[PDB]
Structures are given as C-alpha cells and as structure tokens.
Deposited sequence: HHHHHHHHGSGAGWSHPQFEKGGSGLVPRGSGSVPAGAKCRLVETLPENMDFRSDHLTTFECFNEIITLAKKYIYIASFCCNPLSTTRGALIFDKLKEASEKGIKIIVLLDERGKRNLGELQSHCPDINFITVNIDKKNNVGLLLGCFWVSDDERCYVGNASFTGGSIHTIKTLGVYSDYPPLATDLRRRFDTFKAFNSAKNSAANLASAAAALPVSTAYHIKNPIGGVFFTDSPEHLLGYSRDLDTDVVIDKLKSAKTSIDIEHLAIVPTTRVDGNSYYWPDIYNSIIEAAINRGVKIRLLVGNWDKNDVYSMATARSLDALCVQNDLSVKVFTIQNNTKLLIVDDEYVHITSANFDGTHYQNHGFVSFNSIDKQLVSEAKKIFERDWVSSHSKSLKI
C-alpha cells in the first residue's frame, strides 16, 4: 500500500569551493523539477526570499516567474522581518503572491522558518535550504524531496497554518517510516506533535550513538537583546554521553561575537571532550545543515537550530524518518562531513 520511505530522497547543496561530494539530488535540481512538473500550484515557505544573490537562484526565480505567467498559482510565505526586498520581488514577478506573516502576535518573538516547498499536493521539498541564492548555490544545505501525495498533502496543511497568519502511536509506527513534527506549541492544533518533545525523547532513548550537525548547541541564546536560558536539548546530549556512555559527535559552527555565553559553552564542551565519549568538531564555512541521527536508526532534518529561541517561539516543520535506508544515507552524509577538511577539532 504505502511505499517504505514515502518516496523520500536526500537533497544537498554542495558548494563548488567545498570538498563535499555526493550523488544526491541537488537543491537546484530539486527546485527546478518541482517548478517544471507543476500543474496547479507551488507553495513556498521560508524566513526570507532573496534568490537574486546568485545566478542559479535567479534562474530558479525566473523559472518560477515562467510558471506564474502560465497560470500556475504560486504563493511565497516570508516572515515580516524579511520584508526588505518585498517590493523588488513583486516588481520582478507581479503574478507571484508574496505574503508576510507574523506567527507571534502576542510576544513578536516567533519567526517563520518553515523551509519547505509543496506543489500540486503531490511533490514537496523540506529541509534547511531557504529560498535564497545562497541556500541554492553557495551555502551547504541538507533536505528531503518526495513525490508521495499523502506526504505533500501533510506539508500543504502546514502551509495553510502558516498562511493564516498574514500580516494584512503514530510516532512509534509512522506511515512509510516518515513523519513530520511541528513548532511552535500554540500552532500545533489537536493532532500535530511538538518537535521539542520528539527530539528530546529520541535523545533520551539513545542507546549507542548520537550524531548532530547543527549551527550551535548552546543552553543560552539572545531573544533580541535579552538572554533566554533553555538547556533541555543541551542536557539531553550531555547526560546521554556521561550517564549512558553514548558515543556523541557534535559538528557545530564557530563561536565568538565576544559572547560570554557561547565562550563559556565552548569551554564546557572542550572540558567534556577530554574525559567522555563526546567529540566536537567545528566548521567555519556557511552551513545551514540541521541534522540529527540516533543509533543509526533515526534521522531528523529541520531548519531550526537546537536552541531555546527556535524551539520555544519559531515556526518550522521538521522531517523525521526511521527508514533504515534513508537513515543509512544520512549516516553516510554525516560521516563525510565529520572527516571533511572544513571540520576541525574543538580548539581550547
């Protein structure tokens, strides 16, 4: 009935100046095939829309413009704080519907990240490649493409939820081994599962290994001029390594900004690298990859970073899979990134 894996295949943006190589569908090829095969609609949700930054991004934008001129209903969702180039986006393509959204009318902290495409209720992409020229060509990204109509329909319902904010156990036995998790809690409705609870549960259930490629694993972030302390994911990682002997490899971005918090977290992680089975490598390249692999049997790909600001306020959809083949493909991706020349051991 339902195909194993839900017809999902991994998508990558591997910049030519970087040493990352693979035979997966590229982000450019993914967006191009979605626009080409489109018959009725194309829905896109991202924090900001800035495709003209690279030549490949402008080509995707022009192909999307062609679809709009040929009757395809195209709607692009972007957060209110990415409204800088809104006038230029609508001037270039008057037939595209650009909508700014504010998902947090109470606190004005939550931001739309979504980071997914969906079209014709048949095809969809989901990952961490925003609708920018950087995410298409020059920034390393990781996502998932699928042409399974039930999965794309799930993403279309997420688009309905996000579009409604215009400014103007199924987790144990998923369908096809693939399921979505959502954020924030006040947008879950009655049926959707909070990504925070799923991620923490998978980290606590880890028996062997935890592999994470994220931007920053820090317990403290700055919610626009104010500090917010949220160590839930940070503690789950640390307690797995120390209390349960789980082998943990963390591939995170470089820190500084004279941030006392990020530096303190760096010294704490470096202190853990000397006595526990916790290894941390750092990358300096621009990298949007948000990847989590547990016991080589569960994979989690999203657009949010494992911090309190994202998982308490921001709006995003996260990809989850327990399909062994898709997990093994993601495991090979992380193994490549771990020993890459752009990943260096944590320095004191």
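Missing from the model, relative to the deposited sequence, are the ranges 1-32, 201-219.
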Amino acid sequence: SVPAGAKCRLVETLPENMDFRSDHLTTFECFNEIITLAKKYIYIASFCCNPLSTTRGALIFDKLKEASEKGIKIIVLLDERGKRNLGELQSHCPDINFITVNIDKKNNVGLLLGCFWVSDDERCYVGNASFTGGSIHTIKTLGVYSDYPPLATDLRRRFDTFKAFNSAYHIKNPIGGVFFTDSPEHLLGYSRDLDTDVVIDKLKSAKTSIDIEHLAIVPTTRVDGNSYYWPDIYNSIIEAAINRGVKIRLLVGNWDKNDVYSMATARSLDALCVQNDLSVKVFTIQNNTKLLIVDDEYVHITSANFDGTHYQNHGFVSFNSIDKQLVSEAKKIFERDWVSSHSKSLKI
From here on, numbers count along this sequence of modelled residues.
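For the pair 118-126 and 83-91, the record assigns the higher mean C-alpha temperature factor to 83-91. Looking at 151-159 and 102-110 together, the entry lists the larger mean B-factor for 102-110, computed on C-alpha atoms. The maximum CA B-factor among the listed residues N173, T141, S236, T181, taken from the PDB record, is found at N173. Highest C-alpha temperature factor among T309, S321, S318, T284 per the entry: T284. Ranked by C-alpha B-factor against the other modelled residues of its chain, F61 falls in the highest third.
Compared with the other modelled residues of the chain, the Cα B-factor recorded for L14 ranks in the middle third. The deposited CA B-factor of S205 belongs to the lowest third of values across its chain. Annotation for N305: CA B-factor lies in the lowest third of the chain's modelled residues.
In the PDB entry, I72 places in the highest third of its chain by CA B-factor.
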